[PDB]
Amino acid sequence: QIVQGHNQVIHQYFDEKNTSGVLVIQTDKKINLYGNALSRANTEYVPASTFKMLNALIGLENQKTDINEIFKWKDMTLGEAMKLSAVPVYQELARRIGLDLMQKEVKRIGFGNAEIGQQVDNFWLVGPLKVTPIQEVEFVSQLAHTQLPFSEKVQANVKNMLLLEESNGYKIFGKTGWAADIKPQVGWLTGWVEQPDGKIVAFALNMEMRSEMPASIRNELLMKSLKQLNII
């Protein structure tokens, strides 16, 4: 039920960037694999800031913050901080949750290897928490469908923080991640497309990064691939 898709064109997209990558697509029926390094789909990597999705769910569910709270620096909300790079709001939230509640929630959700270690404010960037791209697409598909074991309102509020782009009636939700301080570097873009008729198609892009690459390379590869697959 996890099968290589029609991959002759998308494979070349990753080759052209001179790196190894996979794109996992989950529909209501199938999981398909694309890219030039399909073994990445079942390989565990640190989640990097893709973990912000679960951090926000845990923090909101346990009333450690709310969507209107202003975090002092600009000063900003949890939702404003979701899409921003190198902001400490999510480290502060992790400290409020605390190691014990964070580990209990991550174990209850079963996210990746579900190991957070002893440092509550960085385990998603350097380990020991790791997750495969297949696990990430399954997690984000559950979020999109309001099927995670959290409040419906909490799931809706986190989904609203994840809107990336809208065009031509399609909404693209998701979250970037880049673990730059481990070797090799790991890049993520995990999320879903809400098509005009309401159908949901979830994705997880995972690729090796290098320091000279523009951050936009992940979105660039994602959009070209989703177009080739007629998902947008």
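Heads up: residue numbers just count along the shown sequence, starting at 1.
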*Using none, 1 to 3, 4 to 9 or 10 or more, say how many deposited residues go missing between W73 and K74.*
10 or more
*Quick one: higher average CA temperature factor, 81-89 or 107-115?*
81-89
*asked:* Quick check on the record: does 194-202 or 45-53 carry the larger mean Cα temperature factor?
replied: 194-202
*Between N36, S39, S167, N62, which one tops the list for C-alpha B-factor in the PDB entry?*
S167
_Member of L221, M213, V9, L23 with the greatest C-alpha B factor (per the PDB record)_ = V9
*Sort the modelled residues of this chain by their C-alpha B factor and say whether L163 lands in the lowest, middle or highest third.*
middle
*Compare the C-alpha B factor of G127 with those of the other modelled residues in its chain, then answer lowest, middle or highest third.*
middle
_Chain third (lowest, middle, highest) by recorded CA B-factor, residue given as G98_ = highest
*Going by what the PDB entry lists, where does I182 fall on CA B-factor within its chain: lowest, middle or highest third?*
highest
*If you rank every modelled residue in this chain by C-alpha B factor, which third holds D121: lowest, middle or highest?*
highest
